[PDB]
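Reading through the structure tokens given below for one structure.
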């Protein structure tokens, strides 16, 4: 018979955010923001018994709207969680249920996932008055425990890879899933297959640099939950765009456990990548939490302080404003939420040494109540911060809310996923005829999109594929989505795919169809790596990866998603193509430009820096410029580029001739003045000796669906 | 950070106005030719623009990481929260300041107002922010002036003013107690004048506030009359004992320990001369005030019962027979709810040092001596009956030799307390 | 079950400075306080006189007043704790003890029994039967 008073403790300062092993004082400083709770309890578990608390501590100290208490003796690896006391008024938004044990939103390591059970919900599940009850079941047995971590780490040879790393000018992105990257890589030992350590192994570092990409984009690594309706169908969250914490790397990708080993194996991973000169960007979800809407679980934020953290219908405060399509939306108007997002953004930069972030549904971070405000408080603080000012910032420039398409409205420093490029480049090769404006504007870095806010071609992240939608193989292998394996009877996944199946649907034996897709794949790869701006490859597309027509494989944790690494000759031959095409875009500054092309001659030169042609060697007039086309031809003159490097030197390259013929039928093109030599084609054919060099405004037949590049050797 | 020397329009064009006038400055939205003036100095910096916000926190960070500054006292701090016309303390600039890694660690002090309409914002600044307690300034000056304010008004001031700062979850140290500042009189001039004398400013004595809650002791200006000098020296020491015995963190005005005088100028912004220079040549009257302020500072710093992190409740605690603070009246009987709201010129309170809810950073309780403080601003004498203990004299505002009826008091004794006298006592036996 | 007891008892001695003292207790009141820092009692609530102080006993009862400790930490602050009541009854037989002035709450016992609701809090110099061979600690909640 004691009181919580007879246990040695110290006040505590909200210095950090959650766990903080203070070596000098031998103990831990705990912290958890809550302006609306009435009582807060620290729960400590032992690694043996993890169902009932080894000790129950009541945080009696509060400084403003923050509770804290320093527990002596504690040490890294210690397991802990919280119970939050307060009023229960769901009709008013107060959903406090201290029966529910919650995870520290500042935990840098979370132990498990959730054993799904009707007791982790805060409301009696079966009750007719759903969400309005108060289910008094203890949920402690079912919620993963938070880990006190040791933040120390020796970053060997990485202290110097800071600075002029890989400029956005010469960046080539390679978006990967951590597990699918290496799960069927029996190249490496098991148990590292499909984890952080697997990605950073010597075999993969070599493959990534043999291929030639500069930076890798890792799909969500913020510790996430498999939502119940997937588990109740035998599924898991493969993508991870459903996170529960913003500081802990996901446990399932750890090769050394989840008791702190995941932050170590993560730090070791990018340390290894850095040593090879490979930047690292992480896909980050700050727009929604896995807790879902009402009727969703009460796992942390809902229990801690629900009014905050979450955007609620202002007249009701019971239901949740949903701009992500996933039940809730993080209320990024509250100062403590804004501090959390930036504190975690700083944590991953200075502690996990990541180089950039590509924000999922980034527009949802700008919504204030029903409005999109790209000059809101959160964005401004991000623009001013000394540390975050130096990392790369990339946005998915939209959310699924009303008025959420926000392409070209993100501030300076920001780059954007250029969905307009993706859709209309896909439609151009489909056979469709867009205006000559549409294709030419995408090809030159989208000046019509991004110049209005004074941003450069870097802002445009050009891509033909993504985790969203088809793979490159599947874009030329299906006309309709085939997401039956998801278990929602194909009511999921977007329907307009701008896709063509080359004739058939699915895998085929009719070689002409097969040969048509290899031509289409090569047309997609040639276009993207010759168009101004930053190109992003989807991981595995160089291997012709296939998801069997699943354009929404977020639930598939299996062979549909894995990288398949053993190649026949068709796959192997295409891999070498993407290799040599990647090598091209990086050897020639005429496409890694910091400035746009305009339509004049410069520096007292007789040649225009860029010229647009039609089928016969004639400059594009004003009305043929807005008339549709299936054929685009333009000349890039490298020696009249207004391109200046950081030393004040101008930059010169070749004069290039890009001929992109999306016409299904043949055409004969009369070249412009000069002698031209052929640099690659989408031809899988033995390339004609007549097509190898062109001279003196002669003409030449160009087979349908074919892309070509020419380099003037003489004038 | 609220205004710049470029003034309004008709002002010079030396920097911001030339670089980008519509970004840096708050302009009247319908004309945009004139300047919104919430500072009374021509313009107001437009803290709603992202790069202006970036500038201030860049400068705030610059002085911390590069000049190794430890804190800031914001001039006209409310004018920084002006969005268009209204003050809202949930603006972008305050939020970004609150979240910033380095600026979250140094002390932030506010002049909790601007000269705009609705600009009085005392107690509404975010936590971590401390505020100049102007309510403490005015009511303490009026108390010793002679005015009789409610027992509940000055007793609140003395215990850190919880009525102000408790509603927003702040602490007693967040309240910055002070009796004089660079605005208005100095302490010497506060007990030596009743009206402004800014004639030397050249603005026809129209500048600087008119109500200073001042009193002369029996003159206006320098004097030879030996009662006027003493009423002051007693009044100077009366203020000094009050400031360094009240809960919160006290701000001394520079030179007041030297009994500095500005010749009755309560607004010496324009005087870079002998008016505002510190006078280091000390006579006997000045030297003994210096030792008084020295020993009074030495006192406040030695006793944690005045450097408190949590407010006094009105309760016994930890199962003890005394309650952490008790209020009496002329007779040793406790203050009631109707005595607590009646006006008074004499306030009595006993700080029980050994029953404080005060805990250091290591989890240890603190406790102090038990103290009883007599503040009688009544010009006439009053007799006070002590509480039950045996009390010892530690310091008082008496200039005369302290005779031994007063040095130690025993067993609910009564004692003559001359008018306008402040006394501190320490219980040695109960 | 005993291991958990020693754990929680160790946690007690370390949470309360009234036993990790750098100075001894002497038998007076300090700092102008009405309470003695330590007082020694007999079976009925009475201070130990000089000749009962040297007469043998199987029962020791004493009050530790934490708020009148002459305990100074390395920073020059005095230290305060609770007022504790330690009742150590080595008598093999039972005894009834009349507590001193105040309201007392029970902090542990050597009882392996479900501890009596009558023994949980004591008030107003009331008395209570204490089984033979039993040690108790009480913390004054109100005076």
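Each answer follows from the model by the rule given with it, or from the source it names; none is laboratory data. Neighbour counts are summed over all protein chains in view; Cβ atoms, including those assigned to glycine, are modelled from backbone coordinates with ideal geometry.
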When the residues of segment C:88-107 are filtered to those that are farther than 15 Å from residue C:126 by Cα, more than 7 Å from every other protein chain (Cβ to nearest Cβ) and within 13 Å of the chain's Cα centre (by Cα), which remaining residue is surrounded by the most Cβ atoms within 10 Å (Cβ to Cβ)?
C:89
Regarding residue C:45, is this residue over 23 Å from residue A:3 (Cα atoms) and in contact (Cβ under 8 Å) with a residue 60 or more places away in the chain?
yes
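For (1) within 18 Å of residue B:332 (Cα to Cα); (2) assigned to a strand (DSSP E or B); (3) assigned by CATH to the domain that holds residue B:227; (4) free of Cβ contacts under 8 Å to residues at least 60 places away in the same chain, each residue gets a yes or a no:
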| site | (1), (2), (3), (4) |
| --- | --- |
| B:374 | yes, yes, no, yes |
| B:380 | no, no, no, yes |
| B:383 | yes, yes, no, yes |
| B:388 | yes, no, no, yes |
| B:395 | no, yes, no, no |
| B:406 | yes, no, no, yes |
| B:412 | yes, no, no, no |
| B:426 | yes, yes, no, yes |
Residue A:158 free of Cβ contacts under 8 Å to residues at least 60 places away in the same chain and either part of a loop (DSSP other than H, G, I, E, B) or over 24 Å from the mean Cα position of the chain (by Cα) (or both):
no
Scanning segment C:45-76 residue by residue, those out of contact with any strand residue (DSSP E or B) (no Cβ under 9 Å at 6 or more places or on another chain) and within 11 Å of another protein chain (Cβ to nearest Cβ) turn out to be C:73, C:74, C:75, C:76
Against the conditions (1) under 26 Å from residue B:423 (Cβ atoms); (2) part of a helix (DSSP H, G or I); (3) in contact with a helix residue (DSSP H, G or I) (Cβ under 7 Å, 6 or more places away or on another chain), where does residue B:164 fall short? Just the number, please.
(1)
Among (1) farther than 26 Å from residue A:255 by Cα; (2) within 14 Å of chain B (Cβ to nearest Cβ) - the single one residue A:42 does not satisfy
(2)
For segment A:527-553, the count of residues that are within 16 Å of residue A:579 (Cβ to Cβ), more than 19 Å from the chain's Cα centre (by Cα) and buried (at least 23 other Cβ atoms within 10 Å of the Cβ) equals 1
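Can you tell which of A:573, A:519, A:579 is within 26 Å of residue A:183 (Cα to Cα), part of a helix (DSSP H, G or I) and either touching a residue at least 12 places away in the same chain (Cβ under 8 Å) or not assigned by CATH to the domain that holds residue A:432 (or both)? So that I can check it myself, show each step before the final result.
Details: A:573 fails: either touching a residue at least 12 places away in the same chain (Cβ under 8 Å) or not assigned by CATH to the domain that holds residue A:432 (or both); A:519 fails: within 26 Å of residue A:183 (Cα to Cα).
From the options A:573, A:519, A:579, the qualifying one is A:579.
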Can you pull out the residues in segment B:353-373 that are more than 20 Å from residue C:83 (Cβ to Cβ) and crowded, with 17+ Cβ neighbours inside 10 Å?
B:371, B:372, B:373
Can you pull out the residues in segment A:1-15 that are more than 14 Å from chain C (Cβ to nearest Cβ) and more than 23 Å from residue A:86 (Cβ to Cβ)?
A:13, A:15
Selected residue (only one of B:370, B:397 is in contact with a helix residue (DSSP H, G or I) (Cβ under 7 Å, 6 or more places away or on another chain) and within 14 Å of another protein chain (Cβ to nearest Cβ))
B:370
Kindly check whether there is at least one residue in segment A:20-32 that is away from chain B (no Cβ under 14 Å), assigned to a strand (DSSP E or B) and touching a helix residue (DSSP H, G or I) at 6+ places or on another chain (Cβ under 9 Å).
yes
Within the set of pairs 6 or more residues apart or between chains, which connect a residue that is without any contact (Cβ under 8 Å) to a residue 12 or more places away in the chain and assigned by CATH to the domain that holds residue A:518 inside segment A:483-504 to a residue that is crowded, with 17+ Cβ neighbours inside 10 Å and part of a loop (DSSP other than H, G, I, E, B) with Cβ atoms less than 7 Å apart?
A:490/A:481; A:490/A:483
Among the numbered criteria (1) part of a loop (DSSP other than H, G, I, E, B); (2) within 25 Å of residue B:379 (Cβ to Cβ); (3) touching a helix residue (DSSP H, G or I) at 6+ places or on another chain (Cβ under 9 Å), which single criterion is violated by residue B:170?
(2)
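Please give the strands (runs of 3 or more DSSP E) falling wholly within segment A:607-690 in which 3 or more residues are in contact with a helix residue (DSSP H, G or I) (Cβ under 8 Å, 6 or more places away or on another chain), buried (at least 19 other Cβ atoms within 10 Å of the Cβ) and without any contact (Cβ under 8 Å) to a residue 12 or more places away in the chain. Give the steps one after another, and end with the answer.
On the way: elements: A:610-613, A:631-637, A:655-661, A:667-670, A:675-681.
Filter on segment A:607-690 gives an empty set.
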Give me the residue from segment A:309-334 that is outside any loop (DSSP other than H, G, I, E, B) and without any contact (Cβ under 8 Å) to a residue 40 or more places away in the chain and, out of that set, surrounded by the fewest Cβ atoms within 10 Å (Cβ to Cβ).
A:320
Which of the residues that make up segment B:40-80 are more than 27 Å from the chain's Cα centre (by Cα), surrounded by fewer than 16 Cβ atoms within 10 Å (Cβ to Cβ) and farther than 16 Å from residue B:21 by Cα?
B:58, B:59, B:62, B:65, B:66, B:67
When you go through B:216, B:238, B:227 one by one, which is the residue that is assigned by CATH to the domain that holds residue B:147 and within 25 Å of residue B:297 (Cα to Cα)?
B:238
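For segment B:173-195, enumerate the residues that are part of a helix (DSSP H, G or I) and either under 30 Å from residue B:357 (Cα atoms) or not assigned by CATH to the domain that holds residue B:140 (or both).
Filtering segment B:173-195 for residues part of a helix (DSSP H, G or I) gives B:173-174, B:187-190.
Within segment B:173-195, B:173, B:174 meet the criteria.
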Enumeration of residues in segment B:338-367 that are within 11 Å of chain C (Cβ to nearest Cβ) and either out of contact with any strand residue (DSSP E or B) (no Cβ under 7 Å at 6 or more places or on another chain) or over 15 Å from residue B:427 (Cβ atoms) (or both):
B:356, B:357, B:358, B:359, B:360, B:361, B:362, B:363, B:364, B:365, B:366
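Does residue A:198 meet the test of being crowded, with 24+ Cβ neighbours inside 10 Å, outside the structural domain of residue A:47 (by CATH), closer than 30 Å to residue A:298 by Cβ and without any contact (Cβ under 8 Å) to a residue 60 or more places away in the chain? Walk me through it before giving the result.
On the way: crowded, with 24+ Cβ neighbours inside 10 Å: yes; outside the structural domain of residue A:47 (by CATH): yes; closer than 30 Å to residue A:298 by Cβ: no; without any contact (Cβ under 8 Å) to a residue 60 or more places away in the chain: yes.
Against the criterion (crowded, with 24+ Cβ neighbours inside 10 Å, outside the structural domain of residue A:47 (by CATH), closer than 30 Å to residue A:298 by Cβ and without any contact (Cβ under 8 Å) to a residue 60 or more places away in the chain), residue A:198 does not qualify.
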Residue by residue through segment B:374-394, note down the ones that are surrounded by 20 or more Cβ atoms within 10 Å (Cβ to Cβ) and either facing another protein chain (nearest Cβ under 9 Å) or in contact with a helix residue (DSSP H, G or I) (Cβ under 8 Å, 6 or more places away or on another chain) (or both).
B:375, B:377, B:389, B:391
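Among the residues of segment B:28-39, what is the count of those that are under 19 Å from residue B:11 (Cβ atoms) and surrounded by fewer than 18 Cβ atoms within 10 Å (Cβ to Cβ)? Let's see the steps before the verdict.
Within segment B:28-39, the first condition is being under 19 Å from residue B:11 (Cβ atoms), and the residues that meet it are B:28, B:31-39.
Add one more test, that the residue is surrounded by fewer than 18 Cβ atoms within 10 Å (Cβ to Cβ), and what stays is B:28, B:31-34.
Count: 5.
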All conditions in (1) touching a strand residue (DSSP E or B) at 6+ places or on another chain (Cβ under 7 Å); (2) over 23 Å from residue A:382 (Cβ atoms) are true of residue B:108 except (2)
